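K.L.:
Can you keep this structure in mind? I'll have questions shortly.
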Amino acid sequence: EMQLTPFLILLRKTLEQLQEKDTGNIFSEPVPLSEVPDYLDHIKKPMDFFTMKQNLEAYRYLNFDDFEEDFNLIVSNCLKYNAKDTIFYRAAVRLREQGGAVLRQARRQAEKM
Ligand SMILES: c1ccc(-c2ccncc2)cc1
């Protein structure tokens with residue numbers, strides 16, 4: 001129960017803050033199946049920040065949970081596909097940690113709306 005426009009502005013800013021935590025930009029775009037042809041064998045719903053931006057603008061995020069669910073998919077897909085001893089797996093752990101703080105603050109701002 002709030003205005004749509006300020007909420008989407010908040011999600012756009014939050015998405016930007018999450019992208020800033022991904023300093024290697026390993027989650028900015030979909031995982032390239034050209035270089036990872038087996039990626040879809042067990043990853044049933046790939047996700048990335050560019051796709052999240054498309055979903056945001058397509059009005060697919062009308063509450064904080066749905067936005068946060070796709071961010072969590074970025075993290076969980078990466079933990080699932082990659083071995084624990086890789087840079088990619090550790091990057092997903094770090095994103096989960098740093099992104100979670102971004103999300104908790106942004107959700108507190110949405111709840112004031
Ligand atoms: C090249 C680029 C990205 C990746 C990748 C990134 C994150 N999760 C799985 C694969 C692998 C090879």
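Residue numbers start at 1 in each chain; chains themselves are named A, B, ... in the order of the structure tokens; ligands are numbered from 1 in the order shown.
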Please identify every residue of chain A that has at least one atom no farther than 8 Å from an atom of ligand 1, counting only C-alpha atoms and all ligand atoms, and for each give the shortest atom pair and the distance in Å to one decimal, arranged by chain then increasing number, as a tab-separated table.

P.N.:
residue	atom	partner	partner_atom_place_in_ligand_line	distance
A:26	CA	ligand 1	6 (C)	5.7
A:27	CA	ligand 1	7 (C)	6.7
A:31	CA	ligand 1	3 (C)	5.3
A:32	CA	ligand 1	2 (C)	6.2
A:35	CA	ligand 1	12 (C)	5.8
A:36	CA	ligand 1	12 (C)	6.0
A:39	CA	ligand 1	9 (C)	7.3
A:77	CA	ligand 1	8 (N)	7.2
A:78	CA	ligand 1	8 (N)	4.8
A:81	CA	ligand 1	9 (C)	6.1
A:82	CA	ligand 1	9 (C)	6.2
A:88	CA	ligand 1	7 (C)	5.7
A:89	CA	ligand 1	8 (N)	7.8

K.L.:
Let me see the file: selected residues, N, CA and C atoms, as a short mmCIF file (atom, residue, chain, number, x, y, z; two decimals), in the first residue's frame.

P.N.:
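The result, written out as again-v4.cif:
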data_model
loop_
_atom_site.label_atom_id
_atom_site.label_comp_id
_atom_site.auth_asym_id
_atom_site.auth_seq_id
_atom_site.Cartn_x
_atom_site.Cartn_y
_atom_site.Cartn_z
N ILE A 26 30.98 -10.34 -12.03
CA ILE A 26 30.77 -11.71 -12.48
C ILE A 26 29.29 -12.04 -12.57
N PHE A 27 28.43 -11.19 -12.00
CA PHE A 27 26.99 -11.39 -12.02
C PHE A 27 26.25 -10.32 -12.81
N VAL A 31 25.34 -15.99 -17.31
CA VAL A 31 26.52 -16.84 -17.44
C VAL A 31 26.62 -17.31 -18.89
N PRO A 32 27.75 -17.09 -19.57
CA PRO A 32 27.82 -17.41 -21.00
C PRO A 32 27.84 -18.90 -21.27
N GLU A 35 30.85 -20.53 -23.01
CA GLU A 35 32.01 -20.95 -22.23
C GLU A 35 31.68 -21.97 -21.15
N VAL A 36 30.40 -22.10 -20.79
CA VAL A 36 29.96 -23.03 -19.76
C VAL A 36 28.79 -23.85 -20.32
N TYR A 39 26.11 -25.58 -18.08
CA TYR A 39 25.60 -24.78 -16.97
C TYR A 39 24.13 -25.07 -16.67
N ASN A 77 22.54 -19.96 -7.28
CA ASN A 77 23.02 -20.60 -8.50
C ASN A 77 24.53 -20.71 -8.48
N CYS A 78 25.20 -19.66 -8.00
CA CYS A 78 26.66 -19.61 -8.05
C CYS A 78 27.26 -20.54 -7.01
N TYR A 81 26.64 -24.20 -8.63
CA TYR A 81 27.38 -24.65 -9.80
C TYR A 81 28.87 -24.81 -9.51
N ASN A 82 29.44 -23.92 -8.70
CA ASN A 82 30.89 -23.83 -8.58
C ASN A 82 31.40 -24.53 -7.34
N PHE A 88 34.72 -17.94 -7.81
CA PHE A 88 33.30 -17.71 -8.02
C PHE A 88 32.47 -18.08 -6.80
N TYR A 89 32.75 -19.23 -6.19
CA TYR A 89 31.99 -19.61 -5.00
C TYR A 89 32.19 -18.59 -3.89
#

K.L.:
Excluding residue 94 in chain A and residues on its chain fewer than 6 positions from it, collect all residues at most 10 Å away from it, counting only C-alpha atoms, and give them as number ranges by chain.

P.N.:
A: 21-22, 75, 88, 100

K.L.:
At a cut-off of 12 Å, using only C-alpha atoms, what residues contact range 9-11 of chain A? Leave out same-chain residues fewer than 4 positions from it and give the result as a ChimeraX atom specification.

P.N.:
/A:3-5,15-18,52-53,55-57,59-68,71,102-103,105-113

K.L.:
Keeping only C-alpha atoms, write the selected residues as a PDB file, in the first residue's frame.

P.N.:
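again-v1.pdb written:
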ATOM      1  CA  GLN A   3       2.920   4.632  -4.631  1.00  0.00           C
ATOM      2  CA  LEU A   4       4.584   2.556  -7.338  1.00  0.00           C
ATOM      3  CA  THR A   5       7.002   5.207  -8.620  1.00  0.00           C
ATOM      4  CA  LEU A  15      20.016  -2.836  -7.608  1.00  0.00           C
ATOM      5  CA  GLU A  16      22.793  -0.319  -8.282  1.00  0.00           C
ATOM      6  CA  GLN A  17      24.129  -0.766  -4.729  1.00  0.00           C
ATOM      7  CA  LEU A  18      24.099  -4.537  -5.164  1.00  0.00           C
ATOM      8  CA  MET A  52      16.904  -8.287 -12.839  1.00  0.00           C
ATOM      9  CA  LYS A  53      16.965  -4.810 -14.376  1.00  0.00           C
ATOM     10  CA  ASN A  55      12.347  -7.642 -14.724  1.00  0.00           C
ATOM     11  CA  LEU A  56      12.288  -4.466 -12.617  1.00  0.00           C
ATOM     12  CA  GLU A  57      11.318  -2.293 -15.586  1.00  0.00           C
ATOM     13  CA  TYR A  59       6.992  -4.317 -13.347  1.00  0.00           C
ATOM     14  CA  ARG A  60       7.756  -7.880 -12.220  1.00  0.00           C
ATOM     15  CA  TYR A  61       8.935  -6.631  -8.785  1.00  0.00           C
ATOM     16  CA  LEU A  62       5.955  -5.184  -6.888  1.00  0.00           C
ATOM     17  CA  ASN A  63       7.197  -6.041  -3.392  1.00  0.00           C
ATOM     18  CA  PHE A  64      10.580  -6.412  -1.798  1.00  0.00           C
ATOM     19  CA  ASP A  65      10.388 -10.208  -1.551  1.00  0.00           C
ATOM     20  CA  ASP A  66      10.178 -10.696  -5.282  1.00  0.00           C
ATOM     21  CA  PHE A  67      13.180  -8.469  -5.881  1.00  0.00           C
ATOM     22  CA  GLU A  68      15.171 -10.179  -3.110  1.00  0.00           C
ATOM     23  CA  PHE A  71      19.063 -11.661  -5.962  1.00  0.00           C
ATOM     24  CA  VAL A 102      22.154  -3.487   1.397  1.00  0.00           C
ATOM     25  CA  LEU A 103      18.838  -5.317   1.234  1.00  0.00           C
ATOM     26  CA  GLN A 105      18.465  -1.179   4.767  1.00  0.00           C
ATOM     27  CA  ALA A 106      16.495  -0.877   1.525  1.00  0.00           C
ATOM     28  CA  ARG A 107      13.629  -2.950   2.937  1.00  0.00           C
ATOM     29  CA  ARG A 108      13.469  -0.687   5.989  1.00  0.00           C
ATOM     30  CA  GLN A 109      13.056   2.233   3.585  1.00  0.00           C
ATOM     31  CA  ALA A 110      10.291   0.435   1.683  1.00  0.00           C
ATOM     32  CA  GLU A 111       8.459  -0.257   4.953  1.00  0.00           C
ATOM     33  CA  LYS A 112       8.378   3.486   5.685  1.00  0.00           C
ATOM     34  CA  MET A 113       6.489   3.975   2.394  1.00  0.00           C
TER      35      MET A 113
END

K.L.:
Considering only helix (DSSP H, G or I) as DSSP defines it on the backbone, what residues of chain A qualify? List them as a count of residues only.

P.N.:
74

K.L.:
Enter the distance from CA of residue 80 in chain A to CA of residue 12 in chain A, in Å, rounded to one decimal.

P.N.:
27.0 Å

K.L.:
Write out as a VMD selection string each polymer residue whose atoms come within 7 Å of residue 47 in chain A, counting only C-alpha atoms; drop sequence neighbours fewer than 5 positions from it.

P.N.:
chain A and resid 30 70 73 to 74

K.L.:
Using Å and a single decimal, report how far CA of residue 2 in chain A sits from CA of residue 69 in chain A.

P.N.:
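Answer for the CA of residue 69 in chain A to CA of residue 2 in chain A separation: 20.7 Å.
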
K.L.:
Mind pulling up the distance from CA of residue 19 in chain A to CA of residue 76 in chain A?

P.N.:
16.2 Å
